[PDB]
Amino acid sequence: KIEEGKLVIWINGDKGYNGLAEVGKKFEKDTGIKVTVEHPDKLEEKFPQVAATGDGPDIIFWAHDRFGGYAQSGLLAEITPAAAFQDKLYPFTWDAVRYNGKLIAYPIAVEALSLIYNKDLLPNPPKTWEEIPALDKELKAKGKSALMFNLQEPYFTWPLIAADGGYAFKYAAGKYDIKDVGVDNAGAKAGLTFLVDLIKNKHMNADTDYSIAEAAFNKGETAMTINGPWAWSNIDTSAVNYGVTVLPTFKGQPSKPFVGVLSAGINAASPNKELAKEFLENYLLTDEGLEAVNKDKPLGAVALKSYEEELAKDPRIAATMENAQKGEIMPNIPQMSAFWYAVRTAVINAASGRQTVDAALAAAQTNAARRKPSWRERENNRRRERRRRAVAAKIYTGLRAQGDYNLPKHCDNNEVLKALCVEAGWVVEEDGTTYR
């Protein structure tokens, strides 16, 4: 739990938390506040559960697509810095991270997925998804493989599903039609059927995850992988001579990844609101603060106008943005979670053969639009059934008391119902069949 005079941080484990801790130490020595950095599993899930009761960290670090839903359950609101602080940063970044006209986190970077290939096994990477299966055959003879990426999180598979026209939600009339989904359209069918085919033809495995894909590339067993800028520092420590390049096309159409803006939301239950902002704006949104974090794990296209002009000329960042221009920024609406859960179920079930591509995407189309029942709606159901059982319980209580039926020493209510049935002129069989 929170407490005054301290600062705790929740960032994803694949991020530069150790470089984030190097500056929290620089903050501590300056004005006396100990800063600790923790990278918990499933932090984007634990936060909306615990912070309702006042728990959680002072600041949470996640991409912006969840954040509007976090704002909607009242976990942050109304963050305002001065314009000197509002403009040492990019206008598109603020737009994504503002829910209903209110800034809800400090944007920290811009991330997109790109194709990462080893120049040693693949001097010329493939430009198209369609030549991938033939490539894997040439590399399977040498003992290696073509492509391995995270098939568990749909973030990595969406560039291919969207390539031929699948869309999460449609933007029209200055608004996201939170009903209109395009996970069941013919475009999504072409994308997923190709991915499932890659698995059916043994070019990829349906159980592949992050560690499985990251290890196969860093050890040189797989020519290409699909990852974000955070994965670069790990490939740097390995003996792999890699290049970052545009993701391959599918049916002459580009791959369209979902672009994420890493953001720091201040917990509305924190007591360190201003102290945390002291960390945010004055000690880590500086050149030297982003350096310490980027040296550990590359943030990607950082959003600080000052620091980014140094990073934008790294050819790896330039390729990361060639992929992002081809993609779309992620909606921050609360129904992102329902869409992300549904498509995750679709890919996993279609990759494993539990469902057809038709059945998985059709089920995902309805799940991504499903409404979560309110707390009041749940309690209304609970209370109504609680009343029902109470009404029946009182009735049978009186029948067992004053009925004086010929009942066994112990018997369920159905026996009482039967005995009271025959008194009214009915005959009840063994299985409950009743008549006059």
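Each residue number is its position in the shown sequence, starting from 1. So that the term is clear: the rigid core is the largest set of C-alpha atoms that superpose within 1.5 Å between two forms.
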**Asked** Is the larger C-alpha RMS shift in 8 other deposited structures of this protein, relative to this form with the rigid core superposed, found in 175 to 183 or in 192 to 200?
**Response** 175 to 183
**Request:** State which stretch is farther from the displayed form on average in 8 other deposited structures of this protein, 257 to 265 or 118 to 126, counting RMS CA distance after fitting on the rigid core.
**Result:** 257 to 265
**Fill in**
Of 251 to 259 and 285 to 293, the stretch with the higher mean C-alpha B-factor in the deposited entry is 285 to 293
**303 to 311 versus 180 to 188 - greater average Cα B-factor per the deposited record** = 303 to 311
**Message:** So if I compare the CA B-factors in the entry for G143, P229, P334, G174, which one is the largest?
**Reply:** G174
**Message:** Checking the record values for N272, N349, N201, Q152, which has the greatest CA B factor?
**Reply:** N272
**Prompt:** By its CA B factor, does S374 count among the lowest, middle or highest third of the modelled residues in the chain?
**Reply:** lowest
**Message:** How does the C-alpha B factor of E278 compare with the rest of the chain: lowest, middle or highest third?
**Reply:** highest
**Request:** Comparing against every modelled residue in the chain, figure out the third that the C-alpha B-factor of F339 lands in (lowest, middle or highest).
**Result:** lowest
**Message:** For the chain shown, is the CA B-factor of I59 in the lowest, middle or highest third of its modelled residues?
**Reply:** highest
**Message:** Taking only the Cα B-factors deposited for this chain, tell me whether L43 sits in the lowest, middle or highest third.
**Reply:** middle
